[PDB]
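Peer 1: Pasting target.pdb below, which is PDB, C-alpha atoms.
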ATOM      1  CA  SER A   1      -3.355  -9.271  37.288
ATOM      2  CA  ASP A   2      -2.854 -12.506  35.223
ATOM      3  CA  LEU A   3       0.917 -12.293  35.885
ATOM      4  CA  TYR A   4       2.453 -15.720  36.546
ATOM      5  CA  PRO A   5       4.786 -15.623  39.515
ATOM      6  CA  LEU A   6       8.503 -16.036  38.945
ATOM      7  CA  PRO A   7      10.809 -17.858  38.938
ATOM      8  CA  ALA A   8       9.226 -20.622  36.808
ATOM      9  CA  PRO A   9       9.562 -22.757  33.632
ATOM     10  CA  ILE A  10       8.864 -21.206  30.265
ATOM     11  CA  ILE A  11       6.242 -23.890  29.379
ATOM     12  CA  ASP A  12       4.365 -23.075  32.669
ATOM     13  CA  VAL A  13       4.395 -19.290  32.121
ATOM     14  CA  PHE A  14       3.467 -19.814  28.436
ATOM     15  CA  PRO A  15       1.281 -23.028  28.316
ATOM     16  CA  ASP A  16       1.247 -23.613  24.507
ATOM     17  CA  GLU A  17       3.982 -25.600  22.741
ATOM     18  CA  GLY A  18       4.281 -23.204  19.822
ATOM     19  CA  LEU A  19       4.425 -20.012  21.902
ATOM     20  CA  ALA A  20       6.768 -21.466  24.492
ATOM     21  CA  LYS A  21       9.159 -22.703  21.834
ATOM     22  CA  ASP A  22       9.283 -19.191  20.330
ATOM     23  CA  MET A  23       9.569 -17.598  23.768
ATOM     24  CA  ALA A  24      12.472 -19.943  24.548
ATOM     25  CA  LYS A  25      14.198 -18.715  21.426
ATOM     26  CA  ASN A  26      13.386 -15.066  22.287
ATOM     27  CA  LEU A  27      14.959 -15.506  25.769
ATOM     28  CA  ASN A  28      17.925 -17.510  24.463
ATOM     29  CA  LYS A  29      17.053 -20.676  26.372
ATOM     30  CA  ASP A  30      17.555 -24.208  25.000
ATOM     31  CA  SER A  31      14.476 -25.751  26.560
ATOM     32  CA  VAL A  32      10.866 -24.785  27.253
ATOM     33  CA  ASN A  33      11.535 -26.319  30.696
ATOM     34  CA  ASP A  34      14.244 -23.736  31.422
ATOM     35  CA  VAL A  35      13.479 -21.519  34.358
ATOM     36  CA  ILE A  36      13.065 -17.781  33.814
ATOM     37  CA  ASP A  37      12.943 -14.865  36.209
ATOM     38  CA  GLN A  38      11.846 -11.227  35.825
ATOM     39  CA  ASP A  39      15.390 -10.042  34.930
ATOM     40  CA  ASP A  40      15.309 -12.407  31.906
ATOM     41  CA  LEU A  41      12.199 -10.630  30.634
ATOM     42  CA  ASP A  42      13.550  -7.144  31.573
ATOM     43  CA  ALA A  43      16.528  -7.801  29.262
ATOM     44  CA  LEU A  44      14.221  -8.435  26.246
ATOM     45  CA  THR A  45      13.765  -5.584  23.715
ATOM     46  CA  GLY A  46      12.088  -7.616  20.913
ATOM     47  CA  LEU A  47       9.812 -10.630  20.442
ATOM     48  CA  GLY A  48       9.815 -12.802  17.302
ATOM     49  CA  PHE A  49       7.261 -15.524  16.501
ATOM     50  CA  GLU A  50       7.391 -18.189  13.807
ATOM     51  CA  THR A  51       5.656 -21.433  14.888
ATOM     52  CA  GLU A  52       2.481 -21.771  12.840
ATOM     53  CA  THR A  53       0.410 -23.544  15.549
ATOM     54  CA  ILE A  54       0.101 -20.264  17.538
ATOM     55  CA  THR A  55      -3.514 -19.011  17.452
ATOM     56  CA  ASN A  56      -5.188 -15.756  18.578
ATOM     57  CA  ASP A  57      -6.009 -17.536  21.837
ATOM     58  CA  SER A  58      -2.486 -18.974  22.415
ATOM     59  CA  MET A  59      -0.912 -15.561  21.689
ATOM     60  CA  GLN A  60      -3.033 -13.992  24.461
ATOM     61  CA  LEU A  61      -1.051 -16.047  26.978
ATOM     62  CA  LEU A  62       1.587 -13.280  26.597
ATOM     63  CA  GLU A  63      -0.253 -11.199  29.191
ATOM     64  CA  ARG A  64       0.982 -13.761  31.773
ATOM     65  CA  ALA A  65       4.411 -11.992  31.756
ATOM     66  CA  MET A  66       5.463  -8.331  32.076
ATOM     67  CA  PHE A  67       7.522  -7.148  29.106
ATOM     68  CA  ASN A  68       8.822  -3.817  30.474
ATOM     69  CA  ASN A  69      11.384  -3.037  27.742
ATOM     70  CA  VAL A  70      10.082  -4.784  24.581
ATOM     71  CA  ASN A  71       9.636  -2.093  21.931
ATOM     72  CA  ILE A  72       9.080  -4.376  18.924
ATOM     73  CA  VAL A  73       7.119  -7.483  17.962
ATOM     74  CA  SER A  74       7.764  -9.383  14.721
ATOM     75  CA  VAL A  75       5.497 -12.156  13.423
ATOM     76  CA  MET A  76       7.915 -13.692  10.901
ATOM     77  CA  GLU A  77       5.762 -16.696  10.120
ATOM     78  CA  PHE A  78       2.198 -17.759  11.174
ATOM     79  CA  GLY A  79      -0.733 -20.127  10.382
ATOM     80  CA  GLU A  80      -4.402 -19.613   9.406
ATOM     81  CA  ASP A  81      -5.668 -19.603  12.991
ATOM     82  CA  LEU A  82      -3.520 -16.598  13.915
ATOM     83  CA  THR A  83      -5.607 -13.741  12.601
ATOM     84  CA  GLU A  84      -4.463 -10.793  14.789
ATOM     85  CA  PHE A  85      -1.873  -9.827  17.349
ATOM     86  CA  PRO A  86      -3.947  -9.109  20.473
ATOM     87  CA  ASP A  87      -4.389  -5.922  22.510
ATOM     88  CA  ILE A  88      -2.635  -6.943  25.736
ATOM     89  CA  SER A  89      -1.558  -4.756  28.645
ATOM     90  CA  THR A  90       1.872  -6.390  29.218
ATOM     91  CA  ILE A  91       3.813  -4.537  26.466
ATOM     92  CA  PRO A  92       3.540  -0.899  27.640
ATOM     93  CA  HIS A  93       6.452   0.510  25.584
ATOM     94  CA  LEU A  94       5.746  -1.243  22.237
ATOM     95  CA  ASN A  95       6.823   1.037  19.324
ATOM     96  CA  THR A  96       6.558  -1.347  16.378
ATOM     97  CA  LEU A  97       4.309  -4.170  15.244
ATOM     98  CA  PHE A  98       5.535  -6.096  12.157
ATOM     99  CA  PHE A  99       3.947  -8.977  10.239
ATOM    100  CA  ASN A 100       6.345 -10.281   7.596
ATOM    101  CA  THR A 101       4.645 -11.121   4.275
ATOM    102  CA  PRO A 102       3.945 -14.842   3.807
ATOM    103  CA  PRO A 103       5.823 -17.108   1.350
ATOM    104  CA  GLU A 104       4.916 -17.366  -2.340
ATOM    105  CA  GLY A 105       1.328 -18.554  -3.014
ATOM    106  CA  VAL A 106       0.481 -18.624   0.713
ATOM    107  CA  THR A 107      -2.737 -16.823   1.692
ATOM    108  CA  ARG A 108      -3.135 -15.418   5.215
ATOM    109  CA  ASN A 109      -5.870 -13.192   6.661
ATOM    110  CA  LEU A 110      -5.328 -10.464   9.306
ATOM    111  CA  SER A 111      -7.541  -7.979  11.186
ATOM    112  CA  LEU A 112      -6.252  -4.800  12.818
ATOM    113  CA  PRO A 113      -7.694  -3.902  16.268
ATOM    114  CA  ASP A 114      -8.249  -0.318  17.416
ATOM    115  CA  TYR A 115      -5.349  -0.820  19.861
ATOM    116  CA  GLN A 116      -5.670   0.839  23.286
ATOM    117  CA  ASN A 117      -2.683  -0.701  25.177
ATOM    118  CA  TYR A 118       0.125   0.448  22.818
ATOM    119  CA  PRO A 119       0.004   4.296  23.228
ATOM    120  CA  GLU A 120       3.707   4.655  22.251
ATOM    121  CA  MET A 121       3.240   2.850  18.864
ATOM    122  CA  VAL A 122       5.029   4.437  15.917
ATOM    123  CA  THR A 123       5.013   1.861  13.051
ATOM    124  CA  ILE A 124       2.657  -0.895  11.855
ATOM    125  CA  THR A 125       3.262  -3.209   8.947
ATOM    126  CA  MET A 126       0.753  -5.880   7.893
ATOM    127  CA  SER A 127       1.432  -5.984   4.194
ATOM    128  CA  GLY A 128       1.007  -9.215   2.222
ATOM    129  CA  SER A 129      -2.048 -10.565   4.052
ATOM    130  CA  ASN A 130      -5.747 -10.069   3.137
ATOM    131  CA  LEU A 131      -7.295  -7.495   5.456
ATOM    132  CA  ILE A 132     -10.368  -8.828   7.313
ATOM    133  CA  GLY A 133     -12.892  -6.029   7.571
ATOM    134  CA  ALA A 134     -11.651  -2.463   7.504
ATOM    135  CA  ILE A 135      -9.035  -0.164   8.889
ATOM    136  CA  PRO A 136     -10.189   1.320  12.144
ATOM    137  CA  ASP A 137     -10.118   5.072  12.620
ATOM    138  CA  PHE A 138      -7.491   4.732  15.377
ATOM    139  CA  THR A 139      -8.274   6.206  18.832
ATOM    140  CA  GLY A 140      -5.399   4.943  21.021
ATOM    141  CA  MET A 141      -2.157   5.504  19.064
ATOM    142  CA  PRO A 142      -1.645   9.286  19.194
ATOM    143  CA  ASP A 143       2.037   8.993  18.069
ATOM    144  CA  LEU A 144       1.530   6.626  15.066
ATOM    145  CA  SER A 145       3.799   7.902  12.219
ATOM    146  CA  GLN A 146       4.131   5.022   9.670
ATOM    147  CA  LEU A 147       1.525   2.549   8.379
ATOM    148  CA  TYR A 148       2.210  -0.156   5.770
ATOM    149  CA  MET A 149      -0.848  -1.953   4.447
ATOM    150  CA  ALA A 150       0.163  -3.009   0.938
ATOM    151  CA  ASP A 151      -0.993  -6.161  -0.888
ATOM    152  CA  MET A 152      -3.975  -6.703   1.446
ATOM    153  CA  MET A 153      -6.925  -6.562  -1.013
ATOM    154  CA  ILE A 154      -7.978  -3.237   0.536
ATOM    155  CA  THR A 155     -11.017  -1.443  -0.991
ATOM    156  CA  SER A 156     -12.109   2.232  -0.657
ATOM    157  CA  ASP A 157     -14.759   1.339   1.968
ATOM    158  CA  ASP A 158     -11.902  -0.060   4.182
ATOM    159  CA  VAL A 159     -10.146   3.331   4.418
ATOM    160  CA  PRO A 160     -11.502   5.915   6.922
ATOM    161  CA  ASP A 161     -10.672   9.633   7.034
ATOM    162  CA  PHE A 162      -8.222   9.201   9.904
ATOM    163  CA  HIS A 163      -9.122  11.651  12.722
ATOM    164  CA  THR A 164      -6.897  10.724  15.659
ATOM    165  CA  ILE A 165      -3.434  10.117  14.100
ATOM    166  CA  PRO A 166      -2.208  13.691  13.235
ATOM    167  CA  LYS A 167       1.533  12.787  13.394
ATOM    168  CA  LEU A 168       1.420  10.257  10.506
ATOM    169  CA  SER A 169       4.169  10.887   7.902
ATOM    170  CA  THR A 170       4.080   7.661   5.818
ATOM    171  CA  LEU A 171       1.144   5.634   4.480
ATOM    172  CA  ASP A 172       1.523   2.704   2.103
ATOM    173  CA  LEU A 173      -1.616   1.365   0.414
ATOM    174  CA  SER A 174       0.064   0.039  -2.739
ATOM    175  CA  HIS A 175      -0.940  -3.249  -4.422
ATOM    176  CA  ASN A 176      -4.567  -2.995  -3.293
ATOM    177  CA  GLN A 177      -7.745  -2.346  -5.380
ATOM    178  CA  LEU A 178      -8.518   1.228  -4.362
ATOM    179  CA  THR A 179     -10.904   3.037  -6.798
ATOM    180  CA  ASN A 180     -11.256   6.250  -4.744
ATOM    181  CA  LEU A 181      -9.705   7.913  -1.693
ATOM    182  CA  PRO A 182     -10.941  10.059   1.224
ATOM    183  CA  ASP A 183      -9.826  13.696   1.104
ATOM    184  CA  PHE A 184      -7.832  13.506   4.318
ATOM    185  CA  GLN A 185      -8.518  16.315   6.786
ATOM    186  CA  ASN A 186      -6.060  15.729   9.693
ATOM    187  CA  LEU A 187      -2.975  14.206   7.980
ATOM    188  CA  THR A 188      -1.279  17.621   7.931
ATOM    189  CA  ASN A 189       2.187  16.083   8.512
ATOM    190  CA  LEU A 190       1.904  13.235   5.949
ATOM    191  CA  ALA A 191       5.016  13.224   3.761
ATOM    192  CA  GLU A 192       4.770   9.969   1.764
ATOM    193  CA  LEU A 193       1.666   8.334   0.375
ATOM    194  CA  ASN A 194       2.131   5.230  -1.702
ATOM    195  CA  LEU A 195      -0.833   4.287  -3.926
ATOM    196  CA  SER A 196       0.968   2.384  -6.717
ATOM    197  CA  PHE A 197      -0.624  -0.772  -8.252
ATOM    198  CA  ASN A 198      -4.222   0.185  -7.516
ATOM    199  CA  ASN A 199      -7.344   0.781  -9.642
ATOM    200  CA  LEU A 200      -7.524   4.620  -9.630
ATOM    201  CA  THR A 201      -9.254   5.391 -12.925
ATOM    202  CA  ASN A 202      -9.823   8.672 -14.842
ATOM    203  CA  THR A 203      -9.426  11.073 -11.885
ATOM    204  CA  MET A 204      -9.125  10.952  -8.104
ATOM    205  CA  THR A 205      -9.447  13.128  -5.046
ATOM    206  CA  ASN A 206      -7.646  16.455  -5.403
ATOM    207  CA  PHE A 207      -6.215  16.588  -1.876
ATOM    208  CA  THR A 208      -7.032  19.898  -0.117
ATOM    209  CA  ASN A 209      -5.188  19.534   3.210
ATOM    210  CA  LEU A 210      -1.953  17.520   2.770
ATOM    211  CA  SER A 211       0.295  20.394   3.929
ATOM    212  CA  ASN A 212       3.535  18.367   4.126
ATOM    213  CA  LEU A 213       3.324  15.941   1.171
ATOM    214  CA  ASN A 214       6.587  15.277  -0.777
ATOM    215  CA  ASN A 215       5.838  11.962  -2.462
ATOM    216  CA  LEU A 216       2.607  10.642  -3.932
ATOM    217  CA  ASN A 217       3.342   7.415  -5.701
ATOM    218  CA  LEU A 218       0.736   6.827  -8.412
ATOM    219  CA  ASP A 219       2.716   4.335 -10.569
ATOM    220  CA  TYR A 220       0.619   1.565 -12.228
ATOM    221  CA  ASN A 221      -2.812   3.221 -11.962
ATOM    222  CA  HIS A 222      -5.281   4.321 -14.687
ATOM    223  CA  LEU A 223      -5.532   8.125 -14.423
ATOM    224  CA  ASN A 224      -6.322  10.429 -17.363
ATOM    225  CA  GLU A 225      -5.621  13.457 -15.208
ATOM    226  CA  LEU A 226      -3.629  14.172 -12.080
ATOM    227  CA  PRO A 227      -4.791  16.079  -8.959
ATOM    228  CA  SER A 228      -3.471  19.652  -9.442
ATOM    229  CA  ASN A 229      -3.001  20.433  -5.678
ATOM    230  CA  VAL A 230      -0.245  17.831  -5.243
ATOM    231  CA  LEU A 231       1.313  17.800  -8.686
ATOM    232  CA  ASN A 232       4.924  18.514  -7.558
ATOM    233  CA  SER A 233       4.843  15.457  -5.315
ATOM    234  CA  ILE A 234       3.719  12.965  -7.989
ATOM    235  CA  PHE A 235       5.812  10.099  -9.337
ATOM    236  CA  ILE A 236       4.535   8.154 -12.333
ATOM    237  CA  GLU A 237       6.490   6.153 -14.850
ATOM    238  CA  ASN A 238       3.842   3.622 -15.847
ATOM    239  CA  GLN A 239       0.095   4.141 -16.341
ATOM    240  CA  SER A 240      -2.552   2.325 -18.399
ATOM    241  CA  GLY A 241      -5.962   3.671 -19.347
ATOM    242  CA  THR A 242      -8.548   4.463 -21.932
ATOM    243  CA  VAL A 243      -9.898   7.604 -23.458
ATOM    244  CA  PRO A 244     -13.424   7.815 -24.890
ATOM    245  CA  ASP A 245     -14.221   6.147 -28.225
ATOM    246  CA  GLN A 246     -14.785   8.381 -31.277
ATOM    247  CA  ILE A 247     -16.472   8.485 -34.657
ATOM    248  CA  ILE A 248     -14.834  10.561 -37.457
ATOM    249  CA  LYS A 249     -15.504  11.054 -41.154
ATOM    250  CA  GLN A 250     -12.942   9.614 -43.584
ATOM    251  CA  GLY A 251     -10.087  12.061 -44.231
ATOM    252  CA  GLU A 252     -10.284  13.794 -40.810
ATOM    253  CA  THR A 253      -7.676  13.799 -38.061
ATOM    254  CA  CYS A 254      -8.342  12.430 -34.555
ATOM    255  CA  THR A 255      -7.724  14.541 -31.458
ATOM    256  CA  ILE A 256      -7.870  13.192 -27.874
ATOM    257  CA  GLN A 257      -7.670  14.935 -24.488
ATOM    258  CA  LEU A 258      -5.000  13.601 -22.094
ATOM    259  CA  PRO A 259      -3.988  16.094 -19.351
ATOM    260  CA  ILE A 260      -1.675  13.536 -17.644
ATOM    261  CA  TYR A 261       0.892  13.867 -20.459
ATOM    262  CA  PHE A 262       1.259  17.652 -20.119
ATOM    263  CA  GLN A 263       0.995  17.543 -16.371
ATOM    264  CA  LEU A 264       3.887  15.029 -16.252
ATOM    265  CA  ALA A 265       5.759  17.102 -18.839
ATOM    266  CA  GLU A 266       5.269  20.259 -16.737
ATOM    267  CA  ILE A 267       6.716  18.542 -13.652
ATOM    268  CA  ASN A 268       9.783  17.113 -15.514
ATOM    269  CA  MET A 269       8.584  13.557 -15.006
ATOM    270  CA  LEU A 270       8.694  12.452 -18.601
ATOM    271  CA  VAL A 271      11.753  10.241 -19.189
ATOM    272  CA  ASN A 272      11.105  10.461 -22.933
ATOM    273  CA  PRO A 273       8.850  13.258 -24.409
ATOM    274  CA  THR A 274       7.946  11.362 -27.612
ATOM    275  CA  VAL A 275       4.376  10.150 -28.137
ATOM    276  CA  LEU A 276       3.640   7.281 -30.544
ATOM    277  CA  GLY A 277       0.090   7.006 -31.867
ATOM    278  CA  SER A 278      -0.711   3.685 -33.523
ATOM    279  CA  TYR A 279      -3.537   1.322 -34.374
ATOM    280  CA  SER A 280      -3.536  -2.488 -34.179
ATOM    281  CA  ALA A 281      -3.068  -5.047 -36.991
ATOM    282  CA  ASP A 282      -0.919  -8.192 -37.622
ATOM    283  CA  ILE A 283       1.903  -5.755 -36.887
ATOM    284  CA  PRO A 284       0.731  -2.435 -35.355
ATOM    285  CA  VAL A 285       0.705   0.563 -37.733
ATOM    286  CA  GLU A 286       2.207   3.898 -36.666
ATOM    287  CA  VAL A 287       0.657   7.275 -37.548
ATOM    288  CA  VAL A 288       2.006  10.852 -37.370
ATOM    289  CA  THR A 289       1.458  12.316 -33.922
ATOM    290  CA  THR A 290       1.679  15.850 -32.460
ATOM    291  CA  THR A 291       1.003  17.613 -29.155
ATOM    292  CA  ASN A 292      -0.733  20.925 -28.384
ATOM    293  CA  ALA A 293       0.044  22.149 -24.850
ATOM    294  CA  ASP A 294      -2.565  24.942 -24.715
ATOM    295  CA  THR A 295      -5.472  22.536 -25.270
ATOM    296  CA  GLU A 296      -3.713  19.597 -23.511
ATOM    297  CA  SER A 297      -4.589  17.470 -26.551
ATOM    298  CA  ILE A 298      -2.730  15.036 -28.744
ATOM    299  CA  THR A 299      -3.582  14.815 -32.461
ATOM    300  CA  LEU A 300      -3.156  11.682 -34.560
ATOM    301  CA  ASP A 301      -2.997  12.022 -38.360
ATOM    302  CA  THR A 302      -5.834   9.545 -39.090
ATOM    303  CA  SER A 303      -6.605  11.152 -42.471
ATOM    304  CA  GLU A 304      -5.338   8.320 -44.736
ATOM    305  CA  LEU A 305      -7.512   5.532 -43.296
ATOM    306  CA  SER A 306     -10.274   3.664 -45.186
ATOM    307  CA  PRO A 307     -13.677   3.200 -43.464
ATOM    308  CA  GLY A 308     -13.495   0.778 -40.553
ATOM    309  CA  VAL A 309     -13.149   0.050 -36.856
ATOM    310  CA  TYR A 310      -9.685   0.748 -35.449
ATOM    311  CA  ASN A 311      -8.231  -0.221 -32.051
ATOM    312  CA  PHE A 312      -6.033   2.807 -31.344
ATOM    313  CA  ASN A 313      -3.506   3.637 -28.688
ATOM    314  CA  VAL A 314      -1.127   6.355 -27.649
ATOM    315  CA  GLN A 315       2.154   5.405 -25.899
ATOM    316  CA  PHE A 316       4.631   7.636 -24.099
ATOM    317  CA  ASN A 317       7.312   7.731 -21.420
ATOM    318  CA  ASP A 318       8.840   4.654 -23.119
ATOM    319  CA  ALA A 319      12.366   3.897 -21.845
ATOM    320  CA  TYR A 320      12.126   0.087 -21.993
ATOM    321  CA  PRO A 321      14.869  -1.078 -19.623
ATOM    322  CA  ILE A 322      13.845   1.049 -16.589
ATOM    323  CA  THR A 323      10.148   1.911 -17.232
ATOM    324  CA  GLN A 324       8.676  -1.598 -18.010
ATOM    325  CA  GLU A 325       5.126  -0.588 -19.139
ATOM    326  CA  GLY A 326       5.419   3.094 -20.090
ATOM    327  CA  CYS A 327       2.152   5.054 -20.280
ATOM    328  CA  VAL A 328      -0.623   3.648 -22.533
ATOM    329  CA  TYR A 329      -4.134   4.865 -23.401
ATOM    330  CA  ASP A 330      -6.463   2.926 -25.713
ATOM    331  CA  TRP A 331      -9.708   3.658 -27.573
ATOM    332  CA  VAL A 332     -11.819   2.433 -30.483
ATOM    333  CA  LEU A 333     -12.045   4.841 -33.458
ATOM    334  CA  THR A 334     -14.805   4.262 -36.026
ATOM    335  CA  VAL A 335     -14.196   5.778 -39.470
ATOM    336  CA  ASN A 336     -17.189   6.147 -41.836
TER     337      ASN A 336
END
Show me, as structure tokens, the structure contained in the file I just sent.

Peer 2:
Amino acid sequence: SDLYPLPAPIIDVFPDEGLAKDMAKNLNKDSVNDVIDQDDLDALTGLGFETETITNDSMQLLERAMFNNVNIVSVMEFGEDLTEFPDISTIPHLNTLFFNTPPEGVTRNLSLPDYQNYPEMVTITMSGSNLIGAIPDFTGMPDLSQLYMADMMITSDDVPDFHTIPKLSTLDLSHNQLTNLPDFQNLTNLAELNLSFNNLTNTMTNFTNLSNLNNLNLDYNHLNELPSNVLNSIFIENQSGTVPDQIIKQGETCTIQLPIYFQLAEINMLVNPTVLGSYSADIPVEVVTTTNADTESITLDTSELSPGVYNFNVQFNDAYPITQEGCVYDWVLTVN
């Protein structure tokens, strides 16, 4: 069944320099010429890989040995020609697959198979590498409970409405460029959903069926308004957006709508209640600023301004040391 017969040298069981070297290290043997038996493999519970010459093809050579007790695989370092960890039948009890993120300014690409041979899989982590294609709607991992796919250049078309992973409690899609999200129908046990550092703008999906959600990280997105069904679970400290431009007659005040402020306020997620309305100049110019909760509007006293074109903003949740951006919303106000 492809299984090389034992006893035999590592380099003969695993006929690629890179893979053999790593396998030597995994088995605690000094040489790729060192002889291994089945007991040596039965004692393994984890497999690390770091030699960058390993390819998708080389890594398949792993189905030449039976790994009865390995429950974790960790790709700590890897080259361009390793683009996925394969779907082999020799790791029956694998619980965890982990790609470490590459070094600084090092681009790697990874795809994610619809794995059939790891039915006991619980955690997958591929963060830090560009996703090739899309995330499959997984069929063969009925116990998958954590999935980390941050910093992969994921777009909304890459994310399916996952049907066959009902036990998932954590999902990390942070540091991607998501503009929209599926309203998930069978993630009824999802507890944590991380969507920080994305491109969610104005509004997003108001999740109908996330029965067990505790934590929805929306930090560093561009929402004007938060999804009411999951408000308790939201965390935001920073947020940057715009509100629509306006034209007013000289001497009038300016009022904007901004439900996010009062939503955050309601949920005790404002570090600092004060709102600072201001327009730009050599040094930015402050203006008196008040909040009406019933209309979820903020009013700026723009009544002293001469006719012109003004780059306005509102700022709130400022607590410089620990926030870092605060919440900001810009717009152009024309006064005539």

Peer 1: Counting all atoms listed in the file, which residues sit no farther than 8 Å from the position (15.5, 6.9, -26.0) in the file's frame? I'd like them as number ranges by chain.

Peer 2: A: 272, 318-319

Peer 1: Name the residues in contact with residue 122 of chain A at a cut-off of 8 Å, using all atoms listed in the file, excluding same-chain residues fewer than 3 positions from it; report them as a list in words.

Peer 2: residues 95, 96, 141, 143, 144, 145 and 146 of chain A

Peer 1: Which residue out of A:210, A:293, A:330, A:163 has the minimum interatomic distance to residue 222 of chain A when only C-alpha atoms are used?

Peer 2: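 Closest to residue 222 of chain A of all the choices is A:330.
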
Peer 1: Rounded to one decimal place, report the atom CA of residue 336 of chain A-atom CA of residue 274 of chain A distance in Å.

Peer 2: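 So the answer is 29.3 Å.
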
Peer 1: On this structure, which residues satisfy the PyMOL selection byres ((chain A and resi 18-30) around 8), written as an MDAnalysis selection string?

Peer 2: chainID A and resid 10:11 14:17 31:32 34 40:41 44 46:54 58:59

Peer 1: If you keep C-alpha atoms, can you produce a file of those selected residues as a short mmCIF file (atom, residue, chain, number, x, y, z; two decimals), in the coordinates of the input?

Peer 2:
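out32.cif, written as the output of this step:
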data_model
loop_
_atom_site.label_atom_id
_atom_site.label_comp_id
_atom_site.auth_asym_id
_atom_site.auth_seq_id
_atom_site.Cartn_x
_atom_site.Cartn_y
_atom_site.Cartn_z
CA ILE A 10 8.86 -21.21 30.26
CA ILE A 11 6.24 -23.89 29.38
CA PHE A 14 3.47 -19.81 28.44
CA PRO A 15 1.28 -23.03 28.32
CA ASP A 16 1.25 -23.61 24.51
CA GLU A 17 3.98 -25.60 22.74
CA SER A 31 14.48 -25.75 26.56
CA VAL A 32 10.87 -24.78 27.25
CA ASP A 34 14.24 -23.74 31.42
CA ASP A 40 15.31 -12.41 31.91
CA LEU A 41 12.20 -10.63 30.63
CA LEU A 44 14.22 -8.44 26.25
CA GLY A 46 12.09 -7.62 20.91
CA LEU A 47 9.81 -10.63 20.44
CA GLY A 48 9.82 -12.80 17.30
CA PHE A 49 7.26 -15.52 16.50
CA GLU A 50 7.39 -18.19 13.81
CA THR A 51 5.66 -21.43 14.89
CA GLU A 52 2.48 -21.77 12.84
CA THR A 53 0.41 -23.54 15.55
CA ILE A 54 0.10 -20.26 17.54
CA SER A 58 -2.49 -18.97 22.42
CA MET A 59 -0.91 -15.56 21.69
#

Peer 1: Output: segment 230-244 of chain A of the preceding structure, restricted to N, CA and C atoms, written as a PDB file, in the first residue's frame.

Peer 2:
ATOM      1  N   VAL A 230     -25.747  40.874  17.217  1.00  0.00           N
ATOM      2  CA  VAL A 230     -24.542  40.390  17.871  1.00  0.00           C
ATOM      3  C   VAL A 230     -23.815  41.525  18.579  1.00  0.00           C
ATOM      4  N   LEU A 231     -24.568  42.516  19.035  1.00  0.00           N
ATOM      5  CA  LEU A 231     -23.959  43.728  19.545  1.00  0.00           C
ATOM      6  C   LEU A 231     -23.138  43.449  20.789  1.00  0.00           C
ATOM      7  N   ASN A 232     -23.698  42.685  21.731  1.00  0.00           N
ATOM      8  CA  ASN A 232     -23.011  42.341  23.009  1.00  0.00           C
ATOM      9  C   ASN A 232     -21.597  41.780  22.809  1.00  0.00           C
ATOM     10  N   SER A 233     -21.453  40.977  21.762  1.00  0.00           N
ATOM     11  CA  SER A 233     -20.213  40.313  21.446  1.00  0.00           C
ATOM     12  C   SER A 233     -19.181  41.178  20.729  1.00  0.00           C
ATOM     13  N   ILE A 234     -19.493  42.427  20.380  1.00  0.00           N
ATOM     14  CA  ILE A 234     -18.539  43.209  19.591  1.00  0.00           C
ATOM     15  C   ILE A 234     -17.424  43.787  20.452  1.00  0.00           C
ATOM     16  N   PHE A 235     -16.227  43.836  19.864  1.00  0.00           N
ATOM     17  CA  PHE A 235     -15.099  44.615  20.364  1.00  0.00           C
ATOM     18  C   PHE A 235     -14.626  45.533  19.245  1.00  0.00           C
ATOM     19  N   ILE A 236     -14.639  46.831  19.505  1.00  0.00           N
ATOM     20  CA  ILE A 236     -13.996  47.803  18.631  1.00  0.00           C
ATOM     21  C   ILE A 236     -13.333  48.807  19.545  1.00  0.00           C
ATOM     22  N   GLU A 237     -12.097  49.145  19.209  1.00  0.00           N
ATOM     23  CA  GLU A 237     -11.435  50.325  19.744  1.00  0.00           C
ATOM     24  C   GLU A 237     -11.042  51.304  18.656  1.00  0.00           C
ATOM     25  N   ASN A 238     -10.673  50.797  17.487  1.00  0.00           N
ATOM     26  CA  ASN A 238     -10.325  51.643  16.362  1.00  0.00           C
ATOM     27  C   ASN A 238     -11.243  51.366  15.169  1.00  0.00           C
ATOM     28  N   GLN A 239     -11.506  52.404  14.387  1.00  0.00           N
ATOM     29  CA  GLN A 239     -12.423  52.326  13.249  1.00  0.00           C
ATOM     30  C   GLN A 239     -12.227  53.601  12.432  1.00  0.00           C
ATOM     31  N   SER A 240     -12.228  53.489  11.114  1.00  0.00           N
ATOM     32  CA  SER A 240     -11.994  54.654  10.260  1.00  0.00           C
ATOM     33  C   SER A 240     -12.996  54.593   9.144  1.00  0.00           C
ATOM     34  N   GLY A 241     -13.714  55.692   8.906  1.00  0.00           N
ATOM     35  CA  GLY A 241     -14.708  55.713   7.841  1.00  0.00           C
ATOM     36  C   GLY A 241     -15.010  57.084   7.310  1.00  0.00           C
ATOM     37  N   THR A 242     -16.032  57.135   6.472  1.00  0.00           N
ATOM     38  CA  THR A 242     -16.623  58.391   6.063  1.00  0.00           C
ATOM     39  C   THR A 242     -18.130  58.360   6.261  1.00  0.00           C
ATOM     40  N   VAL A 243     -18.672  59.565   6.256  1.00  0.00           N
ATOM     41  CA  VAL A 243     -20.089  59.785   6.314  1.00  0.00           C
ATOM     42  C   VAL A 243     -20.368  60.652   5.065  1.00  0.00           C
ATOM     43  N   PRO A 244     -21.627  60.701   4.608  1.00  0.00           N
ATOM     44  CA  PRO A 244     -21.845  61.409   3.346  1.00  0.00           C
ATOM     45  C   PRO A 244     -21.580  62.911   3.421  1.00  0.00           C
TER      46      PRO A 244
END
